[PDB]
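The structure under discussion appears below in the form of structure tokens.
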Amino acid sequence: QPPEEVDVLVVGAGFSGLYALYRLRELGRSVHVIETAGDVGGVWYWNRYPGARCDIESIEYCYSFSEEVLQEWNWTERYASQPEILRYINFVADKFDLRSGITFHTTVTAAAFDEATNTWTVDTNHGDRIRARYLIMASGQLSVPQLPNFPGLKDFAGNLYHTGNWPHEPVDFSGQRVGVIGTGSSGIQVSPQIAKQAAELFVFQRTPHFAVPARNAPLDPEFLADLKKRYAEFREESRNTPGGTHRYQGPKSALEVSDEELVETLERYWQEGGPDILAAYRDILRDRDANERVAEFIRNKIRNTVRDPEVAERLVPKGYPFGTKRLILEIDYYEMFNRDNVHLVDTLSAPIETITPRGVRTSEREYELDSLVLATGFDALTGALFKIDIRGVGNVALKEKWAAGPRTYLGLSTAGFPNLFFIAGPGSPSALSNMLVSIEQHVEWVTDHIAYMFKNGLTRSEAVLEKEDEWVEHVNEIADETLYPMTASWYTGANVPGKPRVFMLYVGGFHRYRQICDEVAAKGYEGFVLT
Ligand SMILES: Cc1cc2nc3c(=O)[nH]c(=O)nc-3n(C[C@H](O)[C@H](O)[C@H](O)COP(=O)(O)OP(=O)(O)OC[C@H]3O[C@@H](n4cnc5c(N)ncnc54)[C@H](O)[C@@H]3O)c2cc1C
Ligand SMILES: NC(=O)c1ccc[n+]([C@@H]2O[C@H](COP(=O)([O-])OP(=O)(O)OC[C@H]3O[C@@H](n4cnc5c(N)ncnc54)[C@H](OP(=O)(O)O)[C@@H]3O)[C@@H](O)[C@H]2O)c1
């Protein structure tokens, strides 16, 4: 049961909300959180599909705000499984008694600024009404599942699942004819797991995404002990990087090197595994010819992975630059296609027409299935905010202001909507980074800002409209220096039909972006109106 007035409300109980709750307490503030879900964890609470695993390594993908948590906690594998990560979150939440500051089972529905009192009044599906000086939107980047644009979906007789709203109690596909739609990270992760239990597996792929080997391994518990001795320092280094990790920044250009050098250099990445390949060369995301050279190498690796060249060629990604859809880490995925019971249905030759109660109809045949798994992604970046009637000055709706794409200052706030902050979302580095580094800066930067308003006894913080536009024009200016906006991905909005095709994410580098937020805060929050 939620308090009637509060200094700051936080929506979302994943990494972001939890940390905001922790830190606002530290700074002597009344703070409370509302979360749709039954318990903490966010993505790692929702995404229980089998195979679910982080793609940034354990030693990197973690909170660094607590010397205690760094020293105590023991990660076991190169990449944490979803259960491992959920325990981690449960551990941190227990350590600081965080639930006491959280309402669960509660979806927020509407929020509305009030010029009279400079406060947000905020409503829920339980009928709660809450009044606050600030509202922190920590409701995520990949949180509202999206479903494919297909008729007959409610007719399917068998069992229907989305990977981001997966059952809490494990599913049995034993001896079933199972189908998966979507071959993004989710579809690539969950598929080899089902391949192992199902009688026959049908993988319905549209556009092939580029995937490289994870090469998971046990963590050497002595390497973890040396590291722990300099943990704070290790992390501080990851903060001083474009991507938030120790990924080496290749100084050279993909074009300047010989064919022989390109192969040997990319081969040492392919053997090691992980996503560091993205930065093998300075200009992979800057030059069509550079990219193409890297893209081809990866393409051949794929062809050598599958025995049936016909089926191999169907997996090769075509028509978009390498890296401009999110890069996926695979484990035994392409190898899966060698098994008698695994079938790759290519929806580009043969588009899906409809879901029948027996299964899936493409243009060429019909497929019969006991279960259909939807690994079709999310209403990315804007989706969770959009489900919420957010109204600010002049009764202006958030949804409409942003219909031509997100409009923000530093991604952190928007003109016409004072006292409102978005954690790790459009206009900022957000997902183009180890999201934990993205999430800490933002929680800190916002929370420092709230602390600053109270000490100086102010009550109203708004983005100057000119700066907001200056910023937005800046984000698209740099986006267009790269290869990013030239491909239909969730970054653009291209998976939600009708959504405006614009690249939603800052591309300058976490490092660069964070020194801008620092100068800003340093000059007393330049580009804001404070009263
Ligand atoms: C399957 C998956 C795996 C991931 N893998 C990686 C990875 O490899 N590396 C990486 O850096 N990042 C990864 N990400 C990105 C991920 O978003 C971040 O890593 C991070 O977990 C985000 O945490 P968060 O607190 O910002 O939001 P989330 O974890 O997304 O939490 C948002 C919460 O807000 C709640 N919520 C939303 N709207 C409302 C509202 N109306 N009312 C009440 N509650 C609401 C949701 O239920 C959810 O619990 C992954 C994402 C997914 C989907
Ligand atoms: N290992 C990890 O670290 C991990 C795991 C899961 C998620 N994530 C994060 O969250 C993002 C989501 O990954 P995701 O796989 O869940 O979602 P996604 O990347 O958006 O994948 C969408 C997939 O579903 C397909 N699809 C969507 N609509 C379709 C339709 N109407 N008909 C047929 N196919 C359709 C897409 O094909 P098209 O390409 O042709 O659109 C693609 O194959 C990831 O990129 C990453 O940022 C990370």
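So basically every Cβ, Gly included, is an ideal-geometry build from the backbone, and we count neighbours across all protein chains shown. The values are calculated or read from the model by the stated rules, or taken from the named source; no laboratory instrument gave them.
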Exercise for the section: State whether the residues of the range 159-180 include one that is part of a loop (DSSP other than H, G, I, E, B), under 30 Å from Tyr513 (Cα atoms), within 16 Å of ligand 2 (Cβ to nearest atom) and of a type outside the set (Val, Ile, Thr). Expected result: no
Exercise for the section: Hey, can you tell me all the residues within the range 352-386 that are closer than 19 Å to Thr163 by Cβ and either among the β-branched types (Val, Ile, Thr) or surrounded by fewer than 16 Cβ atoms within 10 Å (Cβ to Cβ) (or both)? Expected result: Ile352, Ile355, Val360, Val373, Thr376
Completion exercise
Heads up, the strands (runs of 3 or more DSSP E) in the range 329-407 (entirely inside) with at least 3 residues that are over 26 Å from the mean Cα position of the chain (by Cα) are 342-346, 352-355, 359-362, 366-368
Fill in the blank from the handout: Over the range 358-404, the set of residues among the hydrophobic types (A, V, I, L, M, F, W, C), touching a strand residue (DSSP E or B) at 6+ places or on another chain (Cβ under 9 Å) and within 16 Å of ligand 2 (Cβ to nearest atom) is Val360, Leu369, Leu372, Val373, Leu374, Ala375, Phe378, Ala380, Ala384
Practice task
Tell me the helices (runs of 4 or more DSSP H) entirely within the range 32-111 that contain at least 3 residues that are near ligand 1 (Cβ under 10 Å from one of its atoms).
Solution key: 43-46, 82-95
Problem - Residues satisfying the stated conditions in the range 444-465, i.e. in a loop (DSSP other than H, G, I, E, B) and touching a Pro at 6+ places or on another chain (Cβ under 6 Å) - result: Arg460
Fill in the blank from the handout: Within the range 96-118, residues within 21 Å of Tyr63 (Cα to Cα) and of a type in the set (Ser, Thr, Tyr) come out as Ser100
Fill in the blank from the handout: Every listed condition ((1) outside the structural domain of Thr183 (by CATH); (2) on the phi < 0 side of the Ramachandran plot; (3) buried (at least 16 other Cβ atoms within 10 Å of the Cβ)) holds for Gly416 save (2)
Completion exercise
Only one of (1) touching a residue at least 24 places away in the same chain (Cβ under 8 Å); (2) away from ligand 1 (no atom under 11 Å from the Cβ) does not apply to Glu26, and that is (1)
Handout entry: Those residues of the range 333-351 which are over 22 Å from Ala295 (Cβ atoms) and surrounded by fewer than 16 Cβ atoms within 10 Å (Cβ to Cβ), in sequence order
Key = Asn338, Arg339, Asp340, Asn341, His343, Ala350, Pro351
Handout entry: Positions within the range 181-193 being within 20 Å of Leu147 (Cα to Cα) and more than 15 Å from ligand 1 (Cβ to nearest atom), in sequence order
Key = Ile181
